[PDB]
Amino acid sequence: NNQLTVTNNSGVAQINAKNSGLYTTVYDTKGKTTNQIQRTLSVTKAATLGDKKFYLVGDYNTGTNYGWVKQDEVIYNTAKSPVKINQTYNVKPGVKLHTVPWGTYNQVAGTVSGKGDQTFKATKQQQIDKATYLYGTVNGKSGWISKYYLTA
């Protein structure tokens with residue numbers, strides 16, 4: 001009959017406001033509603049059950065699995081494994097930090113403030129499709145900033 005195919009995948013995603021909910025099991029007939037929309041979530045696995053297609057989504061900073069979500073009900077993006085780095089960067093005031101790479105408005109960690117260019121000390125970096133996001137600290141606030149907003 002219908003067989004299930006669960007391969008490993010690492011693609012971060014954000015559930016659209018129009019969704020069938022979070023399926024507890026790929027075999028479930030109905031998805032359970034979730035307020036977890038327009039947020040960057042971590043993808044750990046991709047599944048195919050006949051004509052259905054899901055992504056296993058969880059919280060990025062804890063690894064807590066939330067559930068399975070229809071692939072077509074999310075904006076997906078590949079996520080290369082993060083790497084350790086040590087580099088200081090110049091960042092202008094007004095630039096937003098996010099709690100996760102490629103975060104949404106629900107995921108702001110703070111804003112850069114001061115007189116003239118502030119100092120951002122990076123510790124990790126991560127590639128999301130083609131964009132590189134760097135995790136570091138500016139004036140006590142820790143967070144993710146895209147390389148576009150940083151200058152060497």
# chains A, B, ... in the order shown; residues from 1 in each chain; ligands from 1
$ residues_around --residues "residue 124 of chain A" --least-positions-apart "5" --cutoff "9 Å" --atoms "only C-alpha atoms" --output "MDAnalysis selection string"
chainID A and resid 82:86 133:136
$ residues_around --residues "residue 87 of chain A" --least-positions-apart "5" --cutoff "8 Å" --atoms "only C-alpha atoms" --output "tab-separated table (two decimals) with N, CA, C and O atoms, in the first residue's frame"
chain	number	residue	atom	x	y	z
A	121	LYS	N	31.32	40.97	18.50
A	121	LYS	CA	32.29	39.88	18.65
A	121	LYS	C	31.62	38.54	18.39
A	121	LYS	O	30.94	38.01	19.26
A	122	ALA	N	31.84	37.99	17.18
A	122	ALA	CA	31.27	36.73	16.70
A	122	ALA	C	31.92	35.48	17.30
A	122	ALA	O	33.12	35.49	17.57
A	123	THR	N	31.11	34.39	17.48
A	123	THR	CA	31.51	33.09	18.05
A	123	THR	C	31.09	31.93	17.16
A	123	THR	O	31.76	30.89	17.13
$ closest_residue --among "A:101, A:115, A:33, A:131" --to "residue 143 of chain A" --atoms "only C-alpha atoms"
A:101
$ residues_around --residues "residue 60 of chain A" --least-positions-apart "5" --cutoff "7 Å" --atoms "only C-alpha atoms" --output "ChimeraX atom specification"
/A:41-42,100
$ write_last_selection --atoms "N, CA, C and O atoms" --output "compact mmCIF listing (two decimals), in the first residue's frame"
# COMPACT_ATOMS: atom_id res chain seq x y z
N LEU A 41 11.77 27.94 12.61
CA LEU A 41 11.86 26.68 13.34
C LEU A 41 12.90 25.80 12.66
O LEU A 41 13.21 25.97 11.48
N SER A 42 13.45 24.85 13.42
CA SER A 42 14.45 23.94 12.88
C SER A 42 13.78 22.73 12.29
O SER A 42 12.80 22.24 12.85
N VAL A 100 17.52 33.58 16.36
CA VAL A 100 17.86 32.45 15.46
C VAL A 100 18.32 32.93 14.07
O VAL A 100 17.86 33.99 13.61
$ residues_around --residues "residue 96 of chain A" --least-positions-apart "4" --cutoff "9 Å" --atoms "only C-alpha atoms" --output "number ranges by chain"
A: 108-112, 143-145
$ closest_residue --among "A:12, A:43, A:128, A:150" --to "residue 68 of chain A" --atoms "only C-alpha atoms"
A:43
$ residues_around --residues "residue 104 of chain A" --least-positions-apart "3" --cutoff "10 Å" --atoms "only C-alpha atoms" --output "short mmCIF file (atom, residue, chain, number, x, y, z; two decimals) with C-alpha atoms, in the first residue's frame"
data_model
loop_
_atom_site.label_atom_id
_atom_site.label_comp_id
_atom_site.auth_asym_id
_atom_site.auth_seq_id
_atom_site.Cartn_x
_atom_site.Cartn_y
_atom_site.Cartn_z
CA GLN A 14 8.49 29.12 9.04
CA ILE A 37 3.30 30.60 12.81
CA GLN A 38 5.62 33.09 11.13
CA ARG A 39 8.59 31.91 13.25
CA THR A 40 11.91 30.33 12.14
CA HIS A 98 17.68 37.87 16.12
CA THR A 99 17.41 34.86 18.48
CA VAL A 100 17.86 32.45 15.46
CA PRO A 101 19.47 32.53 11.96
CA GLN A 107 12.44 36.47 16.94
CA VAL A 108 14.17 39.85 17.55
#
$ atom_distance --atom1 "atom CA of residue 130 of chain A" --atom2 "atom CA of residue 52 of chain A"
27.9 Å
$ select_by_dssp --residues "segment 38-143 of chain A" --states "strand (DSSP E or B)" --output "number ranges by chain"
A: 41-49, 52-58, 65-70, 74-79, 83-91, 96-98, 108-111, 118-128, 131-138, 141-143
$ residues_around --residues "segment 89-91 of chain A" --least-positions-apart "4" --cutoff "7 Å" --atoms "only C-alpha atoms" --output "short mmCIF file (atom, residue, chain, number, x, y, z; two decimals) with N, CA, C and O atoms, in the first residue's frame"
data_model
loop_
_atom_site.label_atom_id
_atom_site.label_comp_id
_atom_site.auth_asym_id
_atom_site.auth_seq_id
_atom_site.Cartn_x
_atom_site.Cartn_y
_atom_site.Cartn_z
N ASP A 117 29.63 53.41 14.85
CA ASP A 117 29.77 51.97 14.74
C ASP A 117 30.12 51.30 16.04
O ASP A 117 31.03 51.73 16.74
N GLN A 118 29.33 50.27 16.37
CA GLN A 118 29.49 49.45 17.56
C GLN A 118 30.26 48.18 17.21
O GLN A 118 30.42 47.85 16.02
N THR A 119 30.78 47.49 18.25
CA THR A 119 31.60 46.28 18.15
C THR A 119 30.80 45.01 18.37
O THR A 119 30.25 44.80 19.46
N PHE A 120 30.80 44.13 17.35
CA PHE A 120 30.14 42.84 17.39
C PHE A 120 31.18 41.72 17.37
O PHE A 120 31.88 41.57 16.37
N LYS A 121 31.32 40.97 18.50
CA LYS A 121 32.29 39.88 18.65
C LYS A 121 31.62 38.54 18.39
O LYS A 121 30.94 38.01 19.26
N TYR A 149 24.91 43.08 7.17
CA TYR A 149 24.89 44.18 8.15
C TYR A 149 26.20 44.37 8.90
O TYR A 149 26.32 45.32 9.66
N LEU A 150 27.18 43.50 8.65
CA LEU A 150 28.49 43.58 9.31
C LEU A 150 29.59 44.04 8.35
O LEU A 150 29.54 43.72 7.16
N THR A 151 30.58 44.79 8.88
CA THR A 151 31.77 45.25 8.14
C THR A 151 33.03 44.93 8.95
O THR A 151 33.03 45.11 10.16
N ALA A 152 34.08 44.40 8.28
CA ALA A 152 35.34 43.97 8.91
C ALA A 152 36.16 45.11 9.46
O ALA A 152 36.14 46.19 8.88
#
$ atom_distance --atom1 "atom CA of residue 4 of chain A" --atom2 "atom CA of residue 78 of chain A"
22.1 Å
$ atom_distance --atom1 "atom CA of residue 51 of chain A" --atom2 "atom CA of residue 66 of chain A"
22.4 Å
$ residues_around --residues "residue 127 of chain A" --least-positions-apart "3" --cutoff "6 Å" --atoms "only C-alpha atoms" --output "list in words"
residues 79, 80, 131 and 132 of chain A
$ write_last_selection --atoms "N, CA, C and O atoms" --output "mmCIF file, in the first residue's frame"
data_model
loop_
_atom_site.group_PDB
_atom_site.id
_atom_site.type_symbol
_atom_site.label_atom_id
_atom_site.label_comp_id
_atom_site.auth_asym_id
_atom_site.auth_seq_id
_atom_site.Cartn_x
_atom_site.Cartn_y
_atom_site.Cartn_z
ATOM 1 N N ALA A 79 19.920 24.494 5.782
ATOM 2 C CA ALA A 79 20.747 25.019 6.846
ATOM 3 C C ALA A 79 21.988 24.166 7.012
ATOM 4 O O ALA A 79 21.903 23.020 7.452
ATOM 5 N N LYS A 80 23.142 24.718 6.628
ATOM 6 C CA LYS A 80 24.414 24.045 6.771
ATOM 7 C C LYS A 80 24.737 24.064 8.249
ATOM 8 O O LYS A 80 24.357 25.003 8.950
ATOM 9 N N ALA A 131 22.760 32.695 2.347
ATOM 10 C CA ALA A 131 23.084 33.732 3.314
ATOM 11 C C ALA A 131 23.867 33.159 4.508
ATOM 12 O O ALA A 131 23.641 32.011 4.904
ATOM 13 N N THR A 132 24.819 33.950 5.050
ATOM 14 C CA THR A 132 25.609 33.585 6.229
ATOM 15 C C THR A 132 25.180 34.497 7.374
ATOM 16 O O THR A 132 25.076 35.720 7.213
#
